[PDB]
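> here are the coordinates; sequence isn't available:
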RNA sequence: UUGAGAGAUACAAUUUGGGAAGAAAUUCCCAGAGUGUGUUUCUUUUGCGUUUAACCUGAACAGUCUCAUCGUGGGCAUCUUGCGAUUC
């Protein structure tokens, strides 16, 4: 149901398909990099938010 | 006795027999530019070392289209000691021209010394950040190979490829992730460099990591699109 | 190559036959090689030649 | 000292032989190959036989993917089974050179440790709980 | 093999041997049934007085409670004797547990002979099994009726340059002793003839004895199960069922 | 020209298959491939008592029926 | 017993492409892919609890004197039978 729809959306949004030893990767459209800044590196800047919300700061 | 098998790419052969190797035809018979092995079948073949050099590390990994043919003119950037440059000269034969660029003087002496006996190699001792300095020596080139271990490899290849490379020519670049961020997985750095080449204008065709020959090294092959 | 060789090699250069037969048969090594014909080693006498 | 020199010379011989054999043998590539494809339809229609224009049995071979146009001899030289056996024997010889070299390395390390105990200094026997015997020298400067 | 089991000649020989043992008092003294295997070629393995266990899948020859058992141990004997006496698994299992030094001190000559009279089964530590021929005497070892078996009691593995720690495992001990009692054994020799006990006259039926014979043939002739099995080379020319005093009755004539 | 017949080009396919078999005969064997891979990786990167040899024949086989309470 | 994601993964059905045979029906070979179930690892999120530990360092082996090395004698064959390594 919802999980199947999420799986279908993930398969549609996937841009890398492996074929045996080879793995085909999609070249992204040239419009997106022109119209927007590159997407943020999620973990590295999430370290800062975890540090700011660390438990040693009793933050309620 | 040994058999010579024609490799997919032109000018490259495989020795077959008791021991199997990758070989190229020798331009100067009876001489070895460094300590590589020679096999006489007559015609003499020098033995490539894929652990020593990165271009036919990519060939052994199975690159599709090398952009290096006996007719073509090649611009080699980062030509230390001329060891791989001798085999590129062997591939392009007497007709083709290899312009080998090196900055450092200590490999520069031996690059000059090897280009002394090899006619088709045009040695350049000049920094690769500045293509305008050796613009007298270069005409147009069919392919650009890069072996520089620099952070701004994409910028250097952009500057050289905009100025010397023909339309629809080839770019073959060797990327090490250690001279880049090197604290993330090497795949991330390789994706960044592919995106940089796309920004420059080089439309990439393929990417091949060079295990077991080098660690965290890839060969990215692409095509220049001036339009 | 001669620059990249250490001093212990340069002392015994030219005495490879005696050097490697001694190293393979657990005997005493040569004290000197081609450098025996330098003028200073000639001025040295006795045990001072190896020094 | 003479014993250590002998073992060192043997290790250096084996190391040079290992280097020569490694240059003599070729090694098969095991590396990721990725192909950049512009369109998602061409992605879904990607087949390595049609892209490389080669035979399906020659797809998995990486070193010499010959095209169908280029394709369009175990006998002679040597029989195939014996030839494969001799190639494996060459690889085994290189591995045996490596094993002899590391064995001689461990022997030489032990000899050099004892030869350091023979010298002049103040040293302390340190016995690990695992049972390894180590020696630590005093903080004192060589005169 | 299968033809040897399915041949009615073997069964008729078994009734003939049983009837002859019943009729003849000299054969009535005997109580065990042996087969004499004619291996095609010479075995080529020197006799070493070490019994090798032949498994019997279908039936059990003996239960360990039935026999009188002597255990001979290495001689810090307190640990082995105390563990086997105190543990309930092996408390009643052994009629007597003795060390090799105590056995040498106590039993000599006629005392050894009455020991052989008393005890039916002898098992020992594999570390003292080689010392046993001088201690037990020759009159244990001749004839191979009561050759001492080899049991390993600690279950630890001896490694080079290191000690082997001494324990006693009563579960492992009773498992090995149960296998010894339920299974038959052979000792290799150099020539072609071999003798294997397959059944006991009173306690076993004729199909049981025939099945034991079939299992013995398969275990000895099978190419696998090396080195305990697979010792017969060149096939079996003929088997001969006989007791200790009875003549050989041929089966599986090839 | 690209206009080869369907009855044609079977000779081309047969020649391609023969050349492919002749080339692939040089490469290796399936059984030796694993051993070569293990040796290349190494290059690039019952009871026994040694005092008593008679234990291995003299040992009684142990079974789950033997290790059972009964 | 926090969710998610990814990889390895056996088996089951289901499919892609190359080639061959076959009149076709189909079959075989090679190269795969996805899905279902099962197995397993890693990453990260969330809840709860700990919320400090590890390591190095100062004059830190040594009167029952300590240690190294070459020897010598003996014990352990019911076995530490002893490696140019350290058996007691």
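Yep, that arrived. Residues are numbered from 1 along each chain as shown, chains lettered A, B, ... in the order given.
> mind listing the helices for chain A?
Counting by DSSP state H, chain A has helices at residues A:2-13, A:30-35, A:42-52.
> and for chain E?
Under the criterion DSSP H, chain E carries helices at the ranges E:2-6, E:8-23, E:25-29, E:77-86, E:100-106, E:110-118, E:132-136, E:138-141, E:170-182, E:206-221.
> check chain D too.
Counting by DSSP H, chain D has these helices, from start to end: D:2-24, D:40-44, D:48-52, D:56-59, D:68-71, D:80-117.
> can you list the ones you listed in JSON lines and add mean neighbour count and distance to residue E:19?
For every residue, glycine as well, the C-beta is placed using N, CA and C. What follows is those, written out as JSON lines (neighbours: other CB atoms under 10 Å in any protein chain shown; distance: least, CB to CB, whole Å):
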{"stretch": "helix D:2-24", "mean neighbour count": "16", "distance to residue E:19": "77"}
{"stretch": "helix D:40-44", "mean neighbour count": "13", "distance to residue E:19": "86"}
{"stretch": "helix D:48-52", "mean neighbour count": "16", "distance to residue E:19": "80"}
{"stretch": "helix D:56-59", "mean neighbour count": "16", "distance to residue E:19": "73"}
{"stretch": "helix D:68-71", "mean neighbour count": "15", "distance to residue E:19": "82"}
{"stretch": "helix D:80-117", "mean neighbour count": "15", "distance to residue E:19": "62"}
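> ok so, going back, I'd like to know which of the helices of chain E is closest to residue E:94.
For the helices of chain E, the distance to residue E:94 is smallest for helix E:77-86, at 6.4 Å, taking CB to CB.
> now do that closest one: everything it contacts.
Outside of helix E:77-86, the residues that reach it under the criterion CB atoms under 8 Å, 6 or more residues apart in numbering or on different chains are E:71, E:73-74, E:90-91, E:93-94, E:97-99, E:102, E:153, E:166-168, E:170, E:173.
> any idea which residue sits dead centre in chain C?
For chain C, the residue nearest the mean C-alpha position is residue C:32 (2.1 Å; CA atoms, centre = their mean).
> chain A too?
Compute the mean C-alpha point of chain A, and by CA atoms, centre = their mean the closest residue is residue A:42, 7.6 Å away.
> measure it to residue A:49 for me?
Distance check for residue A:42 against residue A:49: by CB to CB, to the nearest Å, it reads 11 Å.
> cross-check the contact I'm expecting between residue F:20 and residue D:71.
Yes - between residue F:20 and residue D:71 there is a contact at 5.6 Å, judged by CB atoms under 8 Å.
> shared neighbours of those two, anything?
Residues within reach of residue F:20 and of residue D:71 at once, by CB under 8 Å, 6+ apart, are D:55, D:58.
> what's near enough to touch the closest residue in space to residue E:106 that isn't next to it in sequence?
With CB to CB, 6 or more residues apart in numbering or on different chains as the measure, residue E:98 is the residue that lies nearest to residue E:106, at 7.6 Å, once sequence neighbours are left out. Under the criterion of CB under 8 Å, 6+ apart, the neighbours of residue E:98 are E:70-73, E:77, E:106.
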